[PDB]
$ cat target-v3.pdb   # PDB, C-alpha atoms
ATOM      1  CA  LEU A  37     122.226  85.054  84.802  1.00  0.00           C
ATOM      2  CA  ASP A  38     120.032  86.346  81.987  1.00  0.00           C
ATOM      3  CA  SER A  39     120.020  83.155  79.917  1.00  0.00           C
ATOM      4  CA  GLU A  40     118.824  80.497  82.357  1.00  0.00           C
ATOM      5  CA  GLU A  41     115.523  81.981  83.586  1.00  0.00           C
ATOM      6  CA  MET A  42     115.328  85.719  82.866  1.00  0.00           C
ATOM      7  CA  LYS A  43     114.398  84.961  79.256  1.00  0.00           C
ATOM      8  CA  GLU A  44     111.370  83.029  80.520  1.00  0.00           C
ATOM      9  CA  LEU A  45     110.590  85.849  82.954  1.00  0.00           C
ATOM     10  CA  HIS A  46     110.815  88.415  80.145  1.00  0.00           C
ATOM     11  CA  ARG A  47     108.502  86.330  77.960  1.00  0.00           C
ATOM     12  CA  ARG A  48     106.006  86.072  80.827  1.00  0.00           C
ATOM     13  CA  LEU A  49     106.172  89.823  81.444  1.00  0.00           C
ATOM     14  CA  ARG A  50     105.683  90.576  77.746  1.00  0.00           C
ATOM     15  CA  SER A  51     102.650  88.279  77.668  1.00  0.00           C
ATOM     16  CA  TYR A  52     101.209  90.031  80.729  1.00  0.00           C
ATOM     17  CA  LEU A  53     101.827  93.436  79.145  1.00  0.00           C
ATOM     18  CA  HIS A  54     100.085  92.350  75.938  1.00  0.00           C
ATOM     19  CA  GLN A  55      97.123  91.027  77.926  1.00  0.00           C
ATOM     20  CA  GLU A  56      96.764  94.234  79.928  1.00  0.00           C
ATOM     21  CA  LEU A  57      97.115  96.317  76.769  1.00  0.00           C
ATOM     22  CA  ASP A  58      94.420  94.461  74.834  1.00  0.00           C
ATOM     23  CA  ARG A  59      92.144  94.239  77.882  1.00  0.00           C
ATOM     24  CA  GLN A  60      92.284  98.015  78.403  1.00  0.00           C
ATOM     25  CA  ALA A  61      92.274  98.990  74.716  1.00  0.00           C
ATOM     26  CA  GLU A  62      88.653 100.166  74.809  1.00  0.00           C
ATOM     27  CA  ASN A  63      89.104 102.231  77.972  1.00  0.00           C
ATOM     28  CA  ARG A  64      92.480 103.576  76.847  1.00  0.00           C
ATOM     29  CA  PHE A  65      90.898 104.702  73.576  1.00  0.00           C
ATOM     30  CA  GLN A  66      87.980 106.294  75.434  1.00  0.00           C
ATOM     31  CA  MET A  67      90.261 108.249  77.777  1.00  0.00           C
ATOM     32  CA  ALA A  68      92.345 109.364  74.803  1.00  0.00           C
ATOM     33  CA  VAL A  69      89.225 110.608  73.006  1.00  0.00           C
ATOM     34  CA  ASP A  70      88.130 112.405  76.176  1.00  0.00           C
ATOM     35  CA  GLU A  71      91.463 114.226  76.320  1.00  0.00           C
ATOM     36  CA  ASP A  72      91.069 115.109  72.630  1.00  0.00           C
ATOM     37  CA  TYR A  73      87.605 116.559  73.255  1.00  0.00           C
ATOM     38  CA  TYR A  74      89.014 118.610  76.132  1.00  0.00           C
ATOM     39  CA  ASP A  75      91.185 120.739  73.830  1.00  0.00           C
ATOM     40  CA  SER A  76      88.450 121.733  71.365  1.00  0.00           C
ATOM     41  CA  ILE A  77      88.888 118.789  68.991  1.00  0.00           C
ATOM     42  CA  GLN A  78      85.388 117.336  68.763  1.00  0.00           C
ATOM     43  CA  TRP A  79      84.721 116.508  65.091  1.00  0.00           C
ATOM     44  CA  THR A  80      85.171 112.987  63.776  1.00  0.00           C
ATOM     45  CA  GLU A  81      86.882 112.718  60.397  1.00  0.00           C
ATOM     46  CA  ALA A  82      83.817 111.396  58.567  1.00  0.00           C
ATOM     47  CA  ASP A  83      81.426 114.083  59.796  1.00  0.00           C
ATOM     48  CA  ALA A  84      84.106 116.737  59.325  1.00  0.00           C
ATOM     49  CA  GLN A  85      84.330 115.654  55.684  1.00  0.00           C
ATOM     50  CA  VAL A  86      80.528 115.792  55.493  1.00  0.00           C
ATOM     51  CA  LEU A  87      80.666 119.382  56.753  1.00  0.00           C
ATOM     52  CA  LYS A  88      83.445 120.222  54.290  1.00  0.00           C
ATOM     53  CA  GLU A  89      81.351 118.998  51.357  1.00  0.00           C
ATOM     54  CA  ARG A  90      78.573 121.228  52.697  1.00  0.00           C
ATOM     55  CA  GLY A  91      80.897 124.214  52.351  1.00  0.00           C
ATOM     56  CA  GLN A  92      80.541 124.809  56.100  1.00  0.00           C
ATOM     57  CA  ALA A  93      83.587 125.262  58.299  1.00  0.00           C
ATOM     58  CA  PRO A  94      83.445 122.912  61.312  1.00  0.00           C
ATOM     59  CA  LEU A  95      82.924 124.660  64.645  1.00  0.00           C
ATOM     60  CA  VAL A  96      83.660 123.594  68.220  1.00  0.00           C
ATOM     61  CA  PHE A  97      81.853 125.133  71.180  1.00  0.00           C
ATOM     62  CA  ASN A  98      83.789 123.226  73.867  1.00  0.00           C
TER      63      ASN A  98
ATOM     64  CA  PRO B 343     130.146 128.363  82.843  1.00  0.00           C
ATOM     65  CA  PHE B 344     126.990 128.462  84.967  1.00  0.00           C
ATOM     66  CA  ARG B 345     126.941 126.049  87.896  1.00  0.00           C
ATOM     67  CA  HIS B 346     123.255 125.234  87.416  1.00  0.00           C
ATOM     68  CA  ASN B 347     122.801 122.468  84.840  1.00  0.00           C
ATOM     69  CA  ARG B 348     119.722 123.878  83.117  1.00  0.00           C
ATOM     70  CA  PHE B 349     119.063 125.968  80.032  1.00  0.00           C
ATOM     71  CA  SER B 350     119.084 129.750  80.231  1.00  0.00           C
ATOM     72  CA  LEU B 351     115.670 130.109  78.599  1.00  0.00           C
ATOM     73  CA  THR B 352     112.773 129.307  80.925  1.00  0.00           C
ATOM     74  CA  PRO B 353     109.454 128.411  79.277  1.00  0.00           C
ATOM     75  CA  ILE B 354     106.281 129.909  80.744  1.00  0.00           C
ATOM     76  CA  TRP B 355     103.874 127.190  79.653  1.00  0.00           C
ATOM     77  CA  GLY B 356     100.169 127.499  78.888  1.00  0.00           C
ATOM     78  CA  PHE B 357      97.495 125.030  77.857  1.00  0.00           C
ATOM     79  CA  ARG B 358      99.275 121.936  76.549  1.00  0.00           C
ATOM     80  CA  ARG B 359      97.589 119.758  73.944  1.00  0.00           C
ATOM     81  CA  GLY B 360      96.985 116.268  75.276  1.00  0.00           C
ATOM     82  CA  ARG B 361      97.859 114.381  72.100  1.00  0.00           C
ATOM     83  CA  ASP B 362     101.312 115.805  71.343  1.00  0.00           C
ATOM     84  CA  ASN B 363     102.151 118.098  74.308  1.00  0.00           C
ATOM     85  CA  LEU B 364     102.349 121.033  71.899  1.00  0.00           C
ATOM     86  CA  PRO B 365     101.454 124.291  73.668  1.00  0.00           C
ATOM     87  CA  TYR B 366      98.401 126.261  72.569  1.00  0.00           C
ATOM     88  CA  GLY B 367      97.083 129.542  73.914  1.00  0.00           C
ATOM     89  CA  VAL B 368      93.660 130.647  75.081  1.00  0.00           C
ATOM     90  CA  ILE B 369      92.741 131.876  71.615  1.00  0.00           C
ATOM     91  CA  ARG B 370      92.020 128.801  69.484  1.00  0.00           C
ATOM     92  CA  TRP B 371      88.349 128.101  70.242  1.00  0.00           C
ATOM     93  CA  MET B 372      87.382 131.749  70.593  1.00  0.00           C
ATOM     94  CA  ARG B 373      89.215 132.414  67.323  1.00  0.00           C
ATOM     95  CA  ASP B 374      86.940 129.863  65.669  1.00  0.00           C
ATOM     96  CA  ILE B 375      83.875 131.514  67.187  1.00  0.00           C
ATOM     97  CA  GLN B 376      85.248 134.930  66.183  1.00  0.00           C
ATOM     98  CA  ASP B 377      85.598 133.976  62.530  1.00  0.00           C
ATOM     99  CA  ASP B 378      82.057 132.600  62.662  1.00  0.00           C
ATOM    100  CA  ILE B 379      80.910 135.918  64.159  1.00  0.00           C
ATOM    101  CA  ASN B 380      82.600 137.848  61.356  1.00  0.00           C
ATOM    102  CA  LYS B 381      80.960 135.639  58.726  1.00  0.00           C
ATOM    103  CA  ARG B 382      77.525 136.081  60.308  1.00  0.00           C
ATOM    104  CA  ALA B 383      77.866 139.861  60.564  1.00  0.00           C
ATOM    105  CA  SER B 384      79.070 140.199  56.970  1.00  0.00           C
ATOM    106  CA  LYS B 385      76.262 137.962  55.702  1.00  0.00           C
ATOM    107  CA  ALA B 386      73.605 139.900  57.616  1.00  0.00           C
ATOM    108  CA  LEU B 387      74.928 143.231  56.345  1.00  0.00           C
ATOM    109  CA  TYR B 388      74.996 141.944  52.768  1.00  0.00           C
ATOM    110  CA  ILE B 389      71.442 140.607  52.992  1.00  0.00           C
ATOM    111  CA  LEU B 390      70.192 143.914  54.386  1.00  0.00           C
ATOM    112  CA  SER B 391      72.013 146.015  51.798  1.00  0.00           C
TER     113      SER B 391
ATOM    114  CA  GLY C 246      78.244  82.255  90.752  1.00  0.00           C
ATOM    115  CA  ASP C 247      75.851  84.873  89.476  1.00  0.00           C
ATOM    116  CA  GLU C 248      76.209  86.954  86.323  1.00  0.00           C
ATOM    117  CA  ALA C 249      77.912  89.884  88.078  1.00  0.00           C
ATOM    118  CA  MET C 250      81.215  88.527  89.391  1.00  0.00           C
ATOM    119  CA  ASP C 251      81.549  85.857  86.706  1.00  0.00           C
ATOM    120  CA  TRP C 252      80.794  88.500  84.079  1.00  0.00           C
ATOM    121  CA  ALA C 253      83.585  90.713  85.402  1.00  0.00           C
ATOM    122  CA  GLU C 254      86.063  87.828  85.590  1.00  0.00           C
ATOM    123  CA  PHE C 255      85.151  86.470  82.147  1.00  0.00           C
ATOM    124  CA  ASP C 256      85.361  89.951  80.633  1.00  0.00           C
ATOM    125  CA  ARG C 257      88.882  90.123  82.052  1.00  0.00           C
ATOM    126  CA  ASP C 258      89.674  86.643  80.712  1.00  0.00           C
ATOM    127  CA  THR C 259      88.204  87.315  77.262  1.00  0.00           C
ATOM    128  CA  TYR C 260      90.458  90.344  76.634  1.00  0.00           C
ATOM    129  CA  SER C 261      88.818  90.986  73.253  1.00  0.00           C
ATOM    130  CA  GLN C 262      86.490  89.154  70.887  1.00  0.00           C
ATOM    131  CA  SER C 263      89.364  87.487  68.993  1.00  0.00           C
ATOM    132  CA  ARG C 264      92.899  87.488  70.414  1.00  0.00           C
ATOM    133  CA  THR C 265      95.934  85.217  70.090  1.00  0.00           C
ATOM    134  CA  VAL C 266      96.408  84.171  73.712  1.00  0.00           C
ATOM    135  CA  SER C 267      99.990  83.163  74.444  1.00  0.00           C
ATOM    136  CA  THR C 268     100.989  80.035  76.344  1.00  0.00           C
ATOM    137  CA  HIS C 269     101.586  82.101  79.481  1.00  0.00           C
ATOM    138  CA  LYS C 270      98.237  82.979  81.056  1.00  0.00           C
ATOM    139  CA  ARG C 271      97.227  84.050  84.544  1.00  0.00           C
ATOM    140  CA  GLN C 272      95.195  81.293  86.195  1.00  0.00           C
ATOM    141  CA  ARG C 273      92.418  82.468  88.512  1.00  0.00           C
ATOM    142  CA  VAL C 274      90.438  80.200  90.834  1.00  0.00           C
ATOM    143  CA  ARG C 275      87.341  80.824  92.944  1.00  0.00           C
ATOM    144  CA  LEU C 276      87.307  80.235  96.704  1.00  0.00           C
ATOM    145  CA  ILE C 277      84.096  80.593  98.712  1.00  0.00           C
ATOM    146  CA  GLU C 278      84.123  81.478 102.411  1.00  0.00           C
ATOM    147  CA  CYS C 279      80.935  80.265 104.102  1.00  0.00           C
ATOM    148  CA  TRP C 280      80.083  81.459 107.608  1.00  0.00           C
ATOM    149  CA  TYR C 281      77.160  79.431 108.945  1.00  0.00           C
ATOM    150  CA  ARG C 282      75.268  79.258 112.235  1.00  0.00           C
ATOM    151  CA  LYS C 283      74.172  76.053 113.949  1.00  0.00           C
ATOM    152  CA  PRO C 284      72.398  75.785 117.326  1.00  0.00           C
ATOM    153  CA  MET C 285      74.326  73.907 120.005  1.00  0.00           C
ATOM    154  CA  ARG C 286      71.778  73.246 122.791  1.00  0.00           C
ATOM    155  CA  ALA C 287      74.303  73.593 125.599  1.00  0.00           C
ATOM    156  CA  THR C 288      72.933  72.127 128.822  1.00  0.00           C
ATOM    157  CA  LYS C 289      74.648  74.800 130.959  1.00  0.00           C
TER     158      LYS C 289
ATOM    159  CA  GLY D 246     102.500  99.799  73.335  1.00  0.00           C
ATOM    160  CA  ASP D 247      98.958 101.057  72.986  1.00  0.00           C
ATOM    161  CA  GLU D 248      97.806 103.650  70.460  1.00  0.00           C
ATOM    162  CA  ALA D 249      98.308 106.655  72.764  1.00  0.00           C
ATOM    163  CA  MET D 250     102.029 106.688  73.555  1.00  0.00           C
ATOM    164  CA  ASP D 251     102.917 104.955  70.295  1.00  0.00           C
ATOM    165  CA  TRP D 252     100.939 107.594  68.397  1.00  0.00           C
ATOM    166  CA  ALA D 253     102.741 110.402  70.216  1.00  0.00           C
ATOM    167  CA  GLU D 254     106.176 108.910  69.533  1.00  0.00           C
ATOM    168  CA  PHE D 255     105.386 108.089  65.899  1.00  0.00           C
ATOM    169  CA  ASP D 256     103.960 111.560  65.268  1.00  0.00           C
ATOM    170  CA  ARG D 257     107.240 112.932  66.593  1.00  0.00           C
ATOM    171  CA  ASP D 258     109.143 110.499  64.355  1.00  0.00           C
ATOM    172  CA  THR D 259     107.309 111.221  61.094  1.00  0.00           C
ATOM    173  CA  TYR D 260     107.837 114.998  61.445  1.00  0.00           C
ATOM    174  CA  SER D 261     105.745 115.705  58.338  1.00  0.00           C
ATOM    175  CA  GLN D 262     103.725 113.672  55.853  1.00  0.00           C
ATOM    176  CA  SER D 263     106.576 113.620  53.308  1.00  0.00           C
ATOM    177  CA  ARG D 264     109.958 114.750  54.623  1.00  0.00           C
ATOM    178  CA  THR D 265     113.545 114.171  53.487  1.00  0.00           C
ATOM    179  CA  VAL D 266     115.260 112.911  56.635  1.00  0.00           C
ATOM    180  CA  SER D 267     119.007 113.436  56.905  1.00  0.00           C
ATOM    181  CA  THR D 268     121.629 110.902  57.952  1.00  0.00           C
ATOM    182  CA  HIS D 269     121.649 112.243  61.513  1.00  0.00           C
ATOM    183  CA  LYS D 270     118.427 111.098  63.177  1.00  0.00           C
ATOM    184  CA  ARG D 271     117.660 110.900  66.880  1.00  0.00           C
ATOM    185  CA  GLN D 272     117.141 107.264  67.863  1.00  0.00           C
ATOM    186  CA  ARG D 273     114.555 106.531  70.553  1.00  0.00           C
ATOM    187  CA  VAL D 274     114.080 103.224  72.367  1.00  0.00           C
ATOM    188  CA  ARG D 275     111.316 101.902  74.615  1.00  0.00           C
ATOM    189  CA  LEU D 276     112.185 100.634  78.098  1.00  0.00           C
ATOM    190  CA  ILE D 277     109.449  99.061  80.223  1.00  0.00           C
ATOM    191  CA  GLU D 278     109.735  99.024  84.017  1.00  0.00           C
ATOM    192  CA  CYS D 279     107.615  96.343  85.697  1.00  0.00           C
ATOM    193  CA  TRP D 280     106.888  96.114  89.423  1.00  0.00           C
ATOM    194  CA  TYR D 281     105.344  92.751  90.291  1.00  0.00           C
ATOM    195  CA  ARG D 282     104.298  91.102  93.552  1.00  0.00           C
ATOM    196  CA  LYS D 283     104.909  87.402  94.171  1.00  0.00           C
ATOM    197  CA  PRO D 284     104.042  85.440  97.338  1.00  0.00           C
ATOM    198  CA  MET D 285     106.816  84.435  99.741  1.00  0.00           C
ATOM    199  CA  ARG D 286     105.102  82.088 102.241  1.00  0.00           C
ATOM    200  CA  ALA D 287     107.417  83.161 105.054  1.00  0.00           C
ATOM    201  CA  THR D 288     108.047  80.413 107.597  1.00  0.00           C
ATOM    202  CA  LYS D 289     108.457  82.895 110.484  1.00  0.00           C
TER     203      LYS D 289
END
$ encode --input "target-v3.pdb" --output "structure tokens"
Amino acid sequence: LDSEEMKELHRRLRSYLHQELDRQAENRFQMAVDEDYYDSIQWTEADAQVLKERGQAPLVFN
Amino acid sequence: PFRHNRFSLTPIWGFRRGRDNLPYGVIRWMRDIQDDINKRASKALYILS
Amino acid sequence: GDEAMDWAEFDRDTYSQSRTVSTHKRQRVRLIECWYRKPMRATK
Amino acid sequence: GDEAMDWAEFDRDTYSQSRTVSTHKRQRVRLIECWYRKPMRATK
């Protein structure tokens, strides 16, 4: 039964999944970054490198 | 032999990191602040001396 | 439609600034329900 | 998949930055469960 129509259904579902993934990419990224800031990880890589060149160890107050 | 189908060792979890679900204790942030405190105290003592 | 509801719907439709939209796409249409009042002048 | 769950799985997969993986490696697959609603138009 898979060949006749379930291939079309699977293609449709994959397209819908791609659309909902790319539509929510910004919000998904924002929620991920929020969860990262929860557990005392609050320095972006660029500014952390800037601090490292300063000789200053990055600090998180959280 | 045990009837229950679970491991003998039971994990008492703590704070779990969101990114990788790797457990981390209370210490981390206050450890950072503690090392900063030690640096500040040593620097102040050196400047005074 | 005003900028609010059309903005929400078109933000949903846009997905991102540049995306390769597949042949399969959800088709959304607008229906408007209008409740209006007209006097009748019943003789009674 | 989006960056979150894919990042978690790939971080588990890479183990370290440069690691000599053995022949025996745990193989993980992605299964997606979809619950969708479609109209019926029941005659009743």
$ resolve_selection --input "target-v3.pdb" --expression "the PyMOL selection byres ((chain D and resi 281) around 12)" --output "mmCIF file with C-alpha atoms, keeping the file's coordinate frame"
data_model
loop_
_atom_site.group_PDB
_atom_site.id
_atom_site.type_symbol
_atom_site.label_atom_id
_atom_site.label_comp_id
_atom_site.auth_asym_id
_atom_site.auth_seq_id
_atom_site.Cartn_x
_atom_site.Cartn_y
_atom_site.Cartn_z
ATOM 1 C CA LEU A 45 110.590 85.849 82.954
ATOM 2 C CA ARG A 48 106.006 86.072 80.827
ATOM 3 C CA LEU A 49 106.172 89.823 81.444
ATOM 4 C CA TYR A 52 101.209 90.031 80.729
ATOM 5 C CA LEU A 53 101.827 93.436 79.145
ATOM 6 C CA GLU D 278 109.735 99.024 84.017
ATOM 7 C CA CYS D 279 107.615 96.343 85.697
ATOM 8 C CA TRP D 280 106.888 96.114 89.423
ATOM 9 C CA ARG D 282 104.298 91.102 93.552
ATOM 10 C CA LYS D 283 104.909 87.402 94.171
ATOM 11 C CA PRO D 284 104.042 85.440 97.338
#
$ atom_distance --input "target-v3.pdb" --atom1 "CA of residue 56 (chain A)" --atom2 "CA of residue 266 (chain C)"
11.8 Å
$ atom_distance --input "target-v3.pdb" --atom1 "CA of residue 50 (chain A)" --atom2 "CA of residue 265 (chain C)"
13.5 Å
$ interface_residues --input "target-v3.pdb" --of "chain A" --to "chain C" --cutoff "9 Å" --atoms "all atoms listed in the file" --output "ChimeraX atom specification"
/A:47-48,51-52,55-61
$ resolve_selection --input "target-v3.pdb" --expression "the PyMOL selection byres ((chain A and resi 75) around 8)" --output "PyMOL selection string"
(chain A and resi 71-74+76-77+98) or (chain B and resi 359-360)
$ closest_residue --input "target-v3.pdb" --among "B:354, B:383, B:375, B:364" --to "chain D" --atoms "only C-alpha atoms"
B:364
$ interface_residues --input "target-v3.pdb" --of "chain D" --to "chain B" --cutoff "10 Å" --atoms "only C-alpha atoms" --output "PDB file with C-alpha atoms, in the coordinates of the input"
ATOM      1  CA  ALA D 249      98.308 106.655  72.764  1.00  0.00           C
ATOM      2  CA  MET D 250     102.029 106.688  73.555  1.00  0.00           C
ATOM      3  CA  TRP D 252     100.939 107.594  68.397  1.00  0.00           C
ATOM      4  CA  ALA D 253     102.741 110.402  70.216  1.00  0.00           C
ATOM      5  CA  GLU D 254     106.176 108.910  69.533  1.00  0.00           C
ATOM      6  CA  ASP D 256     103.960 111.560  65.268  1.00  0.00           C
ATOM      7  CA  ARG D 257     107.240 112.932  66.593  1.00  0.00           C
TER       8      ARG D 257
END
$ atom_distance --input "target-v3.pdb" --atom1 "CA of residue 42 (chain A)" --atom2 "CA of residue 275 (chain D)"
18.6 Å
$ resolve_selection --input "target-v3.pdb" --expression "the PyMOL selection byres ((chain B) within 12 of (chain A))" --output "list in words"
residues 357, 358, 359, 360, 361, 362, 363, 364, 365, 366, 367, 368, 369, 370, 371, 372, 373, 374, 375, 376, 377, 378, 379 and 381 of chain B
